[PDB]
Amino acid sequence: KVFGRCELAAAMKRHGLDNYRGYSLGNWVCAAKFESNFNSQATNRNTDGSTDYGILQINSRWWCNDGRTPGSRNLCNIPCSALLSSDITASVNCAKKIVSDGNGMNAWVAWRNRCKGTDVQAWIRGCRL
């Protein structure tokens, strides 16, 4: 499913992401735009042979199981395909473990490069939340 900016902001909010660990809603929306262009079906393989999955491009090296990443740790205890669903619930639960892990949102390279230190509030402007 290709989400709308506001529809996604509202689902993320509903899912407990606003200010989760101190990151405002706009941070989360900004990261999804740049990670997956708001497409829950986005996948991208990396050089190390691991793959990024879903709206938040969660990596198969540590977070999920895809059966073809040697040395996967499966920290979120889920199959990576679950992350490609129209229901953002598993991506969200998994992201909350990631963000709590030490480097915060820096774990997300597009966040770090494209959202971080920007007026991220722009991402939820105009939205009925």
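Residue numbers run from 1 along the displayed sequence.
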{"query": "Greater mean Cα temperature factor according to the PDB record, 96-104 or 37-45", "finding": "96-104"}
{"query": "Higher-scoring stretch by recorded Cα B factor average, 7-15 or 117-125", "finding": "117-125"}
{"query": "Highest-ranked of 91, 72, 59, 27 once sorted by CA temperature factor in the record", "finding": "72"}
{"query": "Chain third (lowest, middle, highest) by recorded CA B-factor, residue given as residue 31", "finding": "highest"}
{"query": "Record-listed C-alpha B factor of residue 82: chain third", "finding": "highest"}
